[PDB]
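> coords please:
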Amino acid sequence: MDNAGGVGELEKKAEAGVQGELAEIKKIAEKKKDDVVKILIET
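Numbers count the residues shown, from 1 in each chain. Here you go:
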């Protein structure tokens with residue numbers, strides 16, 4: 001593992017956090033919203 005530097009780090013970390021965070025938020029948001037809308041409409 002030699003690939004590493006100010007840029008590669010700032011970039012990798014930037015997208016890492018942004019992606020991970022956004023993904024998670026959309027995961028719980030869509031998950032709960034789905035279960036609610038589903039149980040609501042279906043029942």
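
> where do the strands sit along this structure?
Using DSSP state E, the chain contains no strands.

> Going along the chain, name the helices of it.
Counting by DSSP state H, one finds helices in the chain at the ranges 6-42.

> So which residue is smack in the middle of it?
Nearest to the geometric centre of the chain sits residue 23, at 1.3 Å (Cα atoms, centre = their mean).

> What separation do you get for that residue and residue 29?
Using Cβ to Cβ, to the nearest Å, residue 23 is found at 10 Å from residue 29. The way it works is simple: take the backbone N, C-alpha and C, and place the C-beta from them, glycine included.

> Check residue 37 too.
12 Å.

> now swap in residue 16 and tell me
Counting by Cβ to Cβ, the separation of residue 16 from residue 29 is 20 Å.

> Residue 40 now?
As for residue 40, its distance to residue 29 is 16 Å (criterion: Cβ to Cβ).

> next one: residue 6
34 Å.

> number of nearby residues for residue 12?
Residues near residue 12, counting by other Cβ atoms under 10 Å, number 13.

> same question, residue 40
8.

> Residue 6 too?
Look at residue 6: counted by other Cβ under 10 Å, it has 7 neighbours.

> same question, the one 5 residues further on
By other Cβ under 10 Å, 11 other residues sit near residue 11.

> Repeat that for the one 5 residues further on.
The criterion is other Cβ under 10 Å. On that basis, residue 16 has 11 neighbouring residues.
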